[PDB]
Amino acid sequence: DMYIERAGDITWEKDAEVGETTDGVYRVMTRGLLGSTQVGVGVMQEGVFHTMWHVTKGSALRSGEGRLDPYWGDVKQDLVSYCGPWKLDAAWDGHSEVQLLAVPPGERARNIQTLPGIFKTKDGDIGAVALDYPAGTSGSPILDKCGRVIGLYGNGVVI
Amino acid sequence: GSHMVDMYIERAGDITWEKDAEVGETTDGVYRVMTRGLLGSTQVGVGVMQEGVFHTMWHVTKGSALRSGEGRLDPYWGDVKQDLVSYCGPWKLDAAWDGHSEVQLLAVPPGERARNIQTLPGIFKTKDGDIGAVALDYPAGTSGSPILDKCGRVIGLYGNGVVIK
Ligand SMILES: Cc1ncnc(C)c1-c1ccc(C[n+]2cc(NC(=O)Nc3cccc(C(F)(F)F)c3)on2)nc1
Ligand SMILES: Cc1ncnc(C)c1-c1ccc(C[n+]2cc(NC(=O)Nc3cccc(C(F)(F)F)c3)on2)nc1
């Protein structure tokens, strides 16, 4: 039994550290007998819930009273969307600072501004934020200066 | 008010690459740089003893003499821009990152055990220059912790990063 609950708006913050379909950033929760815990984070935008495939593994999600079914995915890229196509088309410019809107398990959302590093791995040269958050923070949106989601926290971006 | 009175080093480990890793006395080794005063003692950074010379970051000591047990280490060389300082002799640490390999941070954090963390350095295209750095975050008194190549050579100190031109 797996569900989402809202955690905040998706905003670029000045003064940062350097079923219901409301736009915003959501905790992805799994419950059982003992109780509930966060498996990841996602982004509601234009009526579509975006998270990482490995967070849900294509499970349906309860959203209050309603139920969200997966619409699309890509296991290689580790992406999955609910209710509609992938709406997050923005991308890192390759030079600017970005903001991780990290939403850790059992803690408040927060913006961290940082410059992405480039990691020259074997598979490819990969851009990633040098910020380390607990497991279940995966799917936290990363924002450009215009407030657009340029990626989700967990994997990084191939160039 | 009250001021700090005594800066000193104490040994924390050998400087080795660990095969099973997370993916005055002048004994070779890695050392905590400690400052004591009235209210107690606090770790202000880390340094490397190699070939009779203690290597740390300028901002850690600011060129103070260091107690090493009973004896005294006086600074021999420094560079404030590069944030480097040596004691008892010239800078011995001449190795550098090869630009492709994984490295190991031998982090020595305040009030915790030494440990090796293996990681691939990232390159950060800052305004001033391109900077290579490990994507590992530790408290400020970890600064001066050696970063190692697979030959066991200190290729850097934790805290600033390395300029690439
Ligand atoms: C990638 C890598 N290769 C080799 N060794 C290491 C240690 C790493 C490494 C480095 C940092 C982190 C911490 N981390 C980052 C994320 N996710 C994320 O950054 N996503 C994202 C997506 C779109 C755009 C961007 C941005 F705009 F910043 F380029 C970033 O998750 N964990 N992990 C692994
Ligand atoms: C550098 C930078 N620019 C812009 N934005 C950010 C967020 C950063 C950024 C990224 C990671 C860290 C964490 N961190 C690393 C170190 N120090 C260190 O890595 N030293 C070192 C010295 C010699 C060789 C090498 C190696 F071989 F790895 F290249 C590394 O201290 N803190 N800080 C800041």
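Residue numbers (PDB author numbering), protein chains in the order written: chain A, 50 to 67, 1016 to 1156; chain B, 45 to 67, 1016 to 1157.
Where is the CB? At the ideal position from N, CA and C, for every residue including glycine.
DSSP state of residue 1127 of chain B, grouped into three classes?
-> The residue you call residue 1127 of chain B lines up with position 135 of the second sequence. Coil, per DSSP.
So, using beta-carbon positions, are residue 1118 of chain B and residue 1112 of chain A closer together than 9 Å?
-> The count along the second sequence starts at 1 and reaches residue 1118 of chain B at position 126. The count along the first sequence starts at 1 and reaches residue 1112 of chain A at position 115. If you check the CB distance, residue 1118 of chain B and residue 1112 of chain A come in under 9 Å.
Considering only the beta carbon of each residue, do residue 1059 of chain A and residue 1139 of chain A sit closer than 9 Å?
-> Numbered from its first residue, the first sequence carries residue 1059 of chain A at position 62. Numbered from its first residue, the first sequence carries residue 1139 of chain A at position 142. Not in contact: residue 1059 of chain A and residue 1139 of chain A (Cβ atoms no closer than 9 Å).
How would you list, in chain order, the residues of chain B whose beta-carbon sits under 7 Å from the beta-carbon of residue 1092 of chain A?
-> Walking along the first sequence from the start, residue 1092 of chain A turns up at place 95. Correct list: 1117.
Per DSSP, residue 1105 of chain B is paired with what?
-> Against the second sequence, residue 1105 of chain B aligns to sequence position 113. According to DSSP, which records beta bridges pairwise, residue 1105 of chain B is partnered with nothing at all.
Can you give, in chain order, each stretch of the alpha helix (DSSP H) that sits fully within the stretch 1029 to 1087 of chain A and has at least 4 residues?
-> If we require 4 residues or more, the alpha helix (DSSP H) runs fully inside the stretch 1029 to 1087 of chain A come out as 1050 to 1053.
Are there three or more Cβ pairs, one per stretch, closer than 8 Å when the stretch 1043 to 1052 of chain A is compared with the stretch 1070 to 1088 of chain A?
-> In short, these stretches touch, since the Cβ pair count reaches three.
Can the beta-carbon of residue 1016 of chain B be found closer than 9 Å to that of residue 1055 of chain B?
-> By one-based count along the second sequence, residue 1016 of chain B stands at place 24. By one-based count along the second sequence, residue 1055 of chain B stands at place 63. With contacts defined as CB atoms closer than 9 Å, residue 1016 of chain B and residue 1055 of chain B fail to qualify as a contacting pair.
Under 8 Å from any heavy atom of ligand 2, does the C-beta of residue 1108 of chain B make it?
-> For the purposes of this step, residue 1108 of chain B is taken as the residue at position 116 of the second sequence. No, Cβ of residue 1108 of chain B sits at least 8 Å from all heavy atoms of ligand 2.
Which term fits residue 1029 of chain A, buried or exposed, when burial requires 16 or more other beta carbons within 10 angstroms of its beta carbon?
-> Mapped onto the first sequence, residue 1029 of chain A falls at position 32. Burial state of residue 1029 of chain A is exposed, judged by a 10 Å Cβ sphere holding fewer than 16 other Cβ atoms.
Which stretch, first to last residue, makes up the beta strand (DSSP E) that contains residue 1138 of chain A?
-> On the first sequence, position 141 is the one that residue 1138 of chain A refers to. Counting along the chain, the beta strand (DSSP E) containing residue 1138 of chain A begins and ends at 1138 to 1140.
Quick one: does residue 1121 of chain A have its CB under 9 Å from some CB of chain B?
-> Position 124 of the first sequence, counting from 1, holds the residue named residue 1121 of chain A. No, residue 1121 of chain A lies away from the interface with chain B (no Cβ there is under 9 Å from its Cβ).
In angstroms, rounded to a whole number, what distance separates the CA positions of residue 1089 of chain A and residue 1122 of chain A?
-> As a position in the first sequence, residue 1089 of chain A is number 92, starting the count at 1. As a position in the first sequence, residue 1122 of chain A is number 125, starting the count at 1. In a straight line, the C-alpha of residue 1089 of chain A is about 14 Å away from that of residue 1122 of chain A.
Does the beta carbon of residue 1037 of chain B come closer than 9 Å to any beta carbon on chain A?
-> For the purposes of this step, residue 1037 of chain B is taken as the residue at position 45 of the second sequence. Not a single C-beta of chain A is nearer than 9 Å to the C-beta of residue 1037 of chain B.
Where residue 1129 of chain B meets chain A, residues with beta-carbon distance less than 9 Å | Locating residue 1129 of chain B in the second sequence gives position 137, counting from the first residue. Contact note: residue 1129 of chain B reaches chain A through 1127, 1128, 1129, using a C-beta cutoff of 9 Å and chain order.
Mind checking if residue 1112 of chain B is an interface residue toward chain A, Cβ cutoff 9 Å exclusive?
-> As a first step, residue 1112 of chain B must be located in the second sequence, where it is residue number 120. For residue 1112 of chain B, the answer is yes, since a Cβ of chain A falls inside 9 Å of its Cβ.
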